[PDB]
């Protein structure tokens, strides 16, 4: 996250870190046994880390649970990033409380102008590299479809939305991928892609979770 603020320990209780020896992507806990992330985050041998603030220090609220099954969306296209969404089932159910909690799936799609919270352990610089040890947060609005399409001609599908600031300076970034965009207490987005980070006229692009609720629910019910 570029231009954000330090969240504070366990203030984002649904945030997960996906670990394969090192943090590589974010995700969101949607019930005690299932995590949603980006399809482009797919790897074999994932450990999900819940209750994290500093990802390099054991602070006492962590739960580490291996993935038993990963399911990339049937229509994921890695060239276009259309349908950039994946489900991860945990080998055992997490223990839920105030510091580790699930986030609700949306009933409806959020509108342009809605303020959302985006979080993760990704790069904090628009040029150069600096990865934080603690979780960072950013409040950003959903942009209109017209402004999103004008920023990225020919690249925005009905399964994506833009959020952020056209002036630049504030955005998600590499390493935030797969993480949550929460608006009005509901999961509306997954951190997906963007051209660099925090560049002028190049906002973040997010997977539009409201289009996937049927597939998520049906999948969970049968796996």
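Residue numbers count along the first chain shown, from 1.
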Identify the stretch, either 194-202 or 33-41, whose C-alpha atoms have the larger mean B-factor according to the entry.
194-202
Pick between 77-85 and 122-130: the one whose mean CA B-factor in the entry is higher.
122-130
Per the coordinate record, which of the options 117, 110, 90, 72 holds the highest CA temperature factor?
110
Which of 189, 51, 168, 26 ranks first by CA B-factor in the deposited coordinates:
168
Which third of the chain holds residue 148 when residues are ordered by C-alpha B factor: lowest, middle or highest?
highest
Sorting the chain's modelled residues by C-alpha B-factor, tell me whether residue 103 ends up in the lowest, middle or highest third.
middle
Using the B-factors in the PDB entry, rank residue 47's C-alpha atom against the chain and give the third, lowest, middle or highest.
middle
Within this chain's modelled residues, let me know which third the CA B factor of residue 154 belongs to: lowest, middle or highest.
highest
When the modelled residues of the chain are sorted by Cα temperature factor, does residue 179 land in the lowest, middle or highest third?
lowest
